[PDB]
Structures are given as C-alpha cells and as structure tokens.
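Residue numbers (PDB author numbering), protein chains in the order written: chain V, 18 to 182; chain J, 12 to 188, 193 to 232, 239 to 390; chain U, 15 to 185.
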Ligand SMILES: Nc1ncnc2c1ncn2[C@@H]1O[C@H](COP(=O)(O)OP(=O)(O)O)[C@@H](O)[C@H]1O
C-alpha cells in the first residue's frame, strides 16, 4: 500500500516478494526471486539497474542458500548486482555493489563502490567491509548510521512520489 | 604480570608485537589511511613539519594499537625500537605522542644494533644493518656500541628502487593489446618492490666480475620472465637488469665505498683488540639482507676485499664468519627488543618513566645534559 | 532448453539442448549466428553480442562471415556480458564479467568478478583469474580444465539442473 513502487520493474512470483509499506523500489530492477521467497521490510529502498536475484534453491541435497532477507530503512544504490545477502536493520549498500553468495550482512553495515564480496563472506556490524576482495576497510559510526538510515527512509518516501506512476 | 609492546618503526615496514613472542604479530608498512589520498604519505619522515608528524604518528600508532595489538596503551610497557643516529626531532615527536595522547607507563628508545646482538646471545659483534633508507654499521663490543666507529651509505632499498625505476623506464618494452616506452612518467613503488623480491636476485662474485667487464667492452647470465602488470600493460624485464640492480648495490666507483666495504672501514676505525672478535662475530640484519645470494656474494666480496692492497696491511688473514639469527634478517632487531621487553626485572628502572618525562621534558640521548 | 518468454534473443541463433535461458536474458546473435551449448544456464541481465558493428568501425577488411559458438557446462552468471566468447567445455562466467571480443575460452575457465577479458588473447585451459589481480594465472592445476574445475562446474550444474526443472515448472 504505502510502498509507492515504480511501474517499470521486473519480477516473477507476485507472492514470493516481501516489501512492506513506505518502501521505494526503482525501475529495471529485474529481481527474479520467484522460486525462493524474497524477504524485505518497511521503509526499505533499492535503486535502478539492480538485478537482485534470490540466493539459491534452498532445498538441495546437502546444504543450499535460503530464500532471502532484507532490512528496514536500508538502501541499495544503482547497479547493485546483489545476490544472497541477508541485510539487517539500517544497512546501506553502495553503487555497483556485488553481494557474494550466502552473506549475512549484519545491521548498520556499509558496503562500498564496486565492492565485490566473495561467496560466504560474512560482514560485521557497524564495520564497513569493502575493497575489491573482502576487506574490513574501516569502522562506521553507530548514531550517524542510524540517523542516516532513518534519513534515507525519509528521503526515499519523500522523493519516490514524482516520476513514478 | 603485564607484557611489553615492542614497537619498531621503519621507513618501509613497521614491526610490532608483544614481549617474549617469537616473531612479531604483524608487520604493517609505514603507509597511512586517509580520504582523498591517492598515495599514502609515509609516517617516518624527516626534516618536515612538527605538528604534521605529531598528527601522523598519533593516527599511525593509534591504528597500529587498535588493529594489530588489541590492547589499551596503559596496562603494558612500550619499548620503542629505533635505530641509532635517528633525528632528535623524530624521537621527541614520538615521545610527545606516547606521553600526551596515549599516556603509556614507560617508553624505551632502545637502539636496534644492540638488540640485534641480543638475539644471538653473544656480547660482541659487527652489525651491518641494510635498512630501507641507508646502510648502517655499528660495532658492538661487550654490550657497548663503539659509537665513534660508524658508517652510512644511501644504498639501501631506496637506491634499489631508484635503479629499477630508471633502468626499467629505459628498456620499457610494454607490449600492446610493441615497445611503448614512457607511457607513464612515474611508476609506483609496490610493483617495484614486487620486482625486487619476486624477480631480482643477487649475483655471484665471478658473475659480478663479468658484469664489471660488461660495463665497458658481457652479461653472462640471461634468465628473465616477462613480469605482468594490470590493465594488460604487460612489460618484459631483462636477463641482465636482474644482475645490474645488485651490481650497483655492490659497486665502488673509484671511491672504495660499497655495502661490503663499509664493514671493513668500521673495522679499520675499531681498536686493535676488538678486531679479531668482530671478525669472528659478524651479524647481518636489515630488510635488504633477504635477497637470494646476498650473504654468499657479501662474504665473497668481503674476502675479495681482504687481500686488497689498501686494507690488507692492517687486517690481513682473518676468520670472517656470519652468525645465523633465530629469526628472519628483516625482523631480528624486533626479536631482540622482544627478549628485552620480556625482561621485566630492570626494565622498570632502565626505561624512561612517564612521571619523569611529564615533570622534566628532557629525553636521554647522547648529548651533554 | 528453457526458452523463456522473458529471455530476449535476437537474430538467427541455432541454440543447443539444455540451454536454459533465465528471465530477462537480453541477447543479440543477428550479425553472428551464436549456437548455444549443452548444459549451461543463461541467467538474468546477460548480454550476448555478435559482430561488433561499425560504431567501433573495424577499418581492417570487414569480411567476417563468422558465427559465434558455445560449449557444454559453460553457464554465464548475471551482470556479465558475452561479446562473442568462443567458449568450450565448462567455462563459467561469474557476476559482472566484462567479456572481451577475441577470447577463445577453453575448459576450466572461471571468469571471476569484474575481470575484463583480454581481447585477442588465447584463453588456454585450466586457468582461473583473480579478481583484483587481472590476468592472474593462479591455480594452474587446481582450476584444471578437466576433473577439478570442470568437476566443480558439473557440481554447480546440479543446482542449475534442479533450477532448470523448477523454472520449467514455475515458468
Ligand atoms: N622477503 C623479503 N625479501 C627481500 N627483500 C625484502 C623482503 N622484505 C622486505 N625486503 C626489503 O626490505 C626493505 C625494508 O627494510 P626496513 O626493515 O623497513 O628498513 P628500516 O630499517 O628503515 O625499517 C624494503 O625496502 C624491501 O625492499
């Protein structure tokens, strides 16, 4: 209802998605999370050119990557070709991001620009793991990160109204 | 009982860890981390601003503690390993940092050569430090360094990088995808370090003589492998430059001042009694000392300069022998400072206390009062 | 093969069996007939190209008349394009691989993330490149063209098989 999403998106399995109100999705984000479930929350956001596919089958012979997960008031910039990333509350991805398979990116995280996380690359909380390969670049603040994520949810619900119908 | 953090600086790579720990826990370079910094400025710099070095040392030692030490700088001692002849302003800046921002219990600006001697356990030897900036010889006899006998040469790792930069810039055969020389006006130091360690090597004494004959009217060993480079800017190193790089390190140029000649010069200024004991105890520390064939060519150069008719009549037949430290030559001095830091008996009285520095400000150094 | 309705193809592309093209599989094989392989999985956001036109302008006797091909177990992932990659047996292309023009991809090809393929470079077998380290010939035998990297590719292909049946059933 409140999630005033765009109209030029792409996905399959209408019930497999999970996007609560006050969210803001963008166009061209071909998220084919049809087979496995796609989990998200309220006031979250994503951007264009981000084909966030789901993790895996979730029911293979041995182990298999589960459906999906996302957090509230999070943000995923442009060209975020993410895959299999359980996002916590107040997470913040960057432009041209690459989420590795089976990555439980904890709360208050901060991805970088063109960062290629490897498969099964766990990211700590309030620690901006970045670089080309996996590398704990620096330590991100707590208060400023929570305020920035709340401001992100605010700007996402205060800009999505125009040019999206 | 508390431990002792043994901090060792360096213009290229800093070494740090705890006391008693065989080998440091981490060897991080002297680079920094700052936004809008295309090239991280080195922390160990000389003849520059005071407050800038104060801030650089604060942030570098801070990130050093909080990233490779995992301990608050108040519960354990600090033994700052600094080589001798270090500039007084640099030492005063280190002391200001450690006593005004971190407030450690006691610092100890201990020399490098002395603890390098402590690693072997013996009390007397000749120590050749092939550091990054310059080479340094400091004879130690009965635990006391013969400070008037010294020697320095700007033929450390920096001279090797300067040599590799100029020579590879000349024969810059970067293939397309054929020569393409001087594509970039300057190349960085990381690729140059990788060329030093992974591709360059120390030649032989006879091979060095062949290079000397090749200087003016042949380079006998030709092995080479095309060193890659990102962005498909694949270059091709030469089979002779991998020899010439060490040849300039062991060059004399009618001044009789090579890396190996510095030990003989300091041995000449040493007293008559100390001569044979320093000849029977030779220690080679430093980072440049980890090159393949460096010690063999070094000892061969020493013995080749023994019968030289300028140093023979005062030295003559001697028994030169190099010791083998129980740690890597690039990190020997740190292990000596580690064994010294693991000695909590007199270090509480040997090191400079915090109270004395706060109420005095004077730092002990070999200067009057 | 899973000829998905969302899989946007273009031109005469005489595909092969088991070439499951996923949704939003934008491609182009008109100026060069790209034949698909047997045992791959064309994922989302891909970009198959054929005969780089006159925008780049090949002013070197343009008389190409050559079609692209594919191989077995060479599943290309999302983000990565396909600029006429003459692949072979089990040459997987991971996320965001900038596919190059003349790269004869042999077996055991693990196209790492953000690895711009080298134009006019004969991609030999058994070589996996590093991510930040471009052209890293690391794992010369670990990433072996047969029984090691191809075995790992056939092992990753099992999830692709279950996904092939699942996508054929979900559609
Ligand atoms: N494994 C190695 N093999 C060969 N050379 C090395 C190796 N590690 C470091 N070096 C050389 O050692 C130098 C570092 O010396 P360093 O101990 O930093 O000098 P300083 O005494 O000023 O700290 C570098 O210039 C590098 O060329």
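We put the beta carbon where it would ideally sit given N, CA and C, even for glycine.
C-alpha distance - residue i paired with residue j, whole-angstrom precision
i                      : j                      : result
residue 17 of chain U  : residue 34 of chain U  : 7 Å
residue 167 of chain U : residue 87 of chain U  : 7 Å
residue 209 of chain J : residue 113 of chain V : 30 Å
residue 241 of chain J : residue 95 of chain J  : 40 Å
residue 68 of chain U  : residue 105 of chain U : 29 Å
residue 119 of chain J : residue 133 of chain J : 22 Å
residue 301 of chain J : residue 150 of chain J : 12 Å
residue 52 of chain V  : residue 35 of chain V  : 13 Å
residue 97 of chain J  : residue 278 of chain J : 22 Å
residue 41 of chain V  : residue 29 of chain J  : 52 Å
residue 55 of chain U  : residue 158 of chain V : 42 Å
residue 174 of chain V : residue 128 of chain V : 22 Å
residue 261 of chain J : residue 182 of chain J : 11 Å
residue 87 of chain V  : residue 258 of chain J : 51 Å
residue 135 of chain V : residue 353 of chain J : 37 Å
residue 313 of chain J : residue 230 of chain J : 23 Å
residue 221 of chain J : residue 116 of chain U : 48 Å
residue 40 of chain U  : residue 115 of chain V : 20 Å
residue 99 of chain V  : residue 23 of chain V  : 20 Å
Short CB-CB distance (under 7 Å) between residue i and chain U
i                      : result
residue 190 of chain J : Because residue 190 of chain J lies between 188 and 193, and chain J jumps straight from the first to the second, it has no atoms in this structure.
residue 251 of chain J : yes
residue 77 of chain V  : yes
residue 112 of chain V : no
residue 119 of chain V : no
residue 52 of chain V  : yes
residue 24 of chain V  : no
residue 133 of chain V : yes
residue 34 of chain V  : no
residue 49 of chain V  : yes
residue 72 of chain V  : no
residue 27 of chain V  : yes
residue 149 of chain V : yes
Proximity test, Cβ basis, 7 Å: residue i and chain J
i                      : result
residue 148 of chain U : yes
residue 132 of chain U : yes
Residues sharing a beta bridge with residue i, DSSP
i                      : result
residue 136 of chain J : J/151
residue 105 of chain U : U/123
residue 109 of chain V : V/92
residue 19 of chain J  : J/26 and J/92
residue 54 of chain U  : U/33
residue 156 of chain V : V/144
residue 40 of chain U  : DSSP lists no partner for residue 40 of chain U.
residue 163 of chain J : J/147
residue 380 of chain J : Note: residue 380 of chain J sits in no beta bridge, so no partner.
residue 40 of chain J  : J/24
residue 97 of chain U  : U/63
residue 135 of chain U : U/117
residue 28 of chain V  : V/48
residue 300 of chain J : Bridge partners of residue 300 of chain J: none, in fact.
Proximity test, Cβ basis, 7 Å: residue i and chain V
i                      : result
residue 37 of chain U  : yes
residue 128 of chain U : yes
residue 184 of chain U : yes
residue 173 of chain U : yes
Neighbourhood of residue i by C-beta, 7 Å cutoff - its chain only, sequence neighbours within 5 removed
i                      : result
residue 22 of chain J  : 41, 53, 55, 143 and 144
residue 131 of chain J : 304, 344 and 346
residue 29 of chain V  : 49 and 51
residue 7 of chain J   : The shown model of chain J, from 12 to 390, leaves out residue 7 of chain J, and the question about it has no answer.
residue 315 of chain J : 217
residue 81 of chain V  : 73, 74 and 75
Cut-off 6 Å between Cβ atoms - residues of its own chain near residue i, not counting five sequence neighbours on either side
i                      : result
residue 267 of chain J : 217 and 218
residue 109 of chain J : 115 and 118
residue 24 of chain J  : 38 and 40
residue 166 of chain V : 90 and 107
residue 25 of chain U  : 43 and 44
residue 307 of chain J : 140, 141 and 142
Proximal residues to residue i (C-beta, below 8 Å), its chain only, five neighbours per side dropped
i                      : result
residue 156 of chain V : 143, 144 and 145
residue 170 of chain V : 39, 60, 61, 62, 89 and 90
residue 31 of chain J  : 14, 359, 360, 362 and 363
residue 374 of chain J : 116 and 117
Residue i beta carbon near ligand 3 (any heavy atom closer than 6 Å)
i                      : result
residue 312 of chain J : Absence of ligand 3 from the depicted structure is noted, with ligand 1 being the only ligands included.
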